[PDB]
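As structure tokens, the structure follows; a few thoughts come after it.
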Amino acid sequence: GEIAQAXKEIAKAXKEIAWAXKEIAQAXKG
Amino acid sequence: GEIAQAXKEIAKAXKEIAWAXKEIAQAXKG
Amino acid sequence: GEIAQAXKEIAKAXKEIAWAXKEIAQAXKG
Amino acid sequence: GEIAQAXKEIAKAXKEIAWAXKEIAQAXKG
Amino acid sequence: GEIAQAXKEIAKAXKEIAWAXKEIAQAXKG
Amino acid sequence: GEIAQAXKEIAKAXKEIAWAXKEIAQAXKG
Amino acid sequence: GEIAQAXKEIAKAXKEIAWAXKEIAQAXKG
């Protein structure tokens with residue numbers, strides 16, 4: 001369904017946020 | 001539908017957050 | 001509709017978050 | 001409606017997050 | 001209603017995130 | 001209800017985010 | 001249900017965000 005799929009798109013965008021925060025962690029490590 | 005499209009706007013806004021966190025990572029790296 | 005408009009308000013608020021993160025990045029640059 | 005008003009409460013809480021991240025930016029600049 | 005009440009719980013949890021970011025701001029000031 | 005319970009799981013996960021941001025604040029404090 | 005399951009996917013992605021913030025804290029601790 002379109003609403004469920006749009007909620008999956010939200011979930012995928014929150015995973016992108018997580019990956020961006022991992023880039024911040026890598027920056028402070030290096 | 002209107003609700004599904006509004007949820008997709010939420011997803012797009014979260015991608016903007018993800019990009020801004022990549023900007024923070026780049027700023028820490030110099 | 002009122003639910004779709006409220007979800008658009010959420011999307012606008014998450015763009016405010018993104019912009020605040022960009023301000024953090026510009027603070028770390030300088 | 002109750003669901004729309006609750007979604008508005010979520011939007012207002014996301015604006016509070018934005019304002020807090022602005023505080024972080026000011027703290028890094030000070 | 002239960003859906004509206006659960007959306008209010010999400011808003012309460014977002015305010016906790018805002019508080020935690022004020023803690024990070026305070027930690028950088030010191 | 002299953003939708004309300006899933007929204008409560010989102011709220012709990014946002015609390016987890018808040019706790020993790022306090023860990024960042026503690027790290028800056030040390 | 002599909003919508004409940006998509007909301008659970010959002011909750012899972014927010015826990016990934018929390019983990020990445022723990023990684024940021026760990027990188028600031030050395």
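Residue numbers (the entry's author numbering), protein chains in the order written: chain F, 1 to 30; chain E, 1 to 30; chain D, 1 to 30; chain C, 1 to 30; chain B, 1 to 30; chain A, 1 to 30; chain G, 1 to 30. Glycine residues also receive a C-beta, built at the ideal position from the N, C-alpha and C atoms.
- About 12 Å separates the CB atoms of residue 18 of chain A and residue 10 of chain B; that is not less than 8 Å, and the two are not in contact.
- Residue environment analysis places residue 29 of chain G among the exposed positions, since fewer than 16 neighbouring C-beta atoms fall within 10 angstroms of its C-beta.
- With a 10 Å radius around the Cβ and a threshold of 16 neighbouring Cβ atoms, residue 2 of chain B comes out exposed.
- At the C-beta level, residue 22 of chain F and residue 20 of chain G come within 9 Å of one another.
- Between residue 26 of chain E and residue 27 of chain F, the C-beta spacing is below 9 Å.
- Here the alpha carbon of residue 12 of chain G sits roughly 8 Å from the alpha carbon of residue 13 of chain A.
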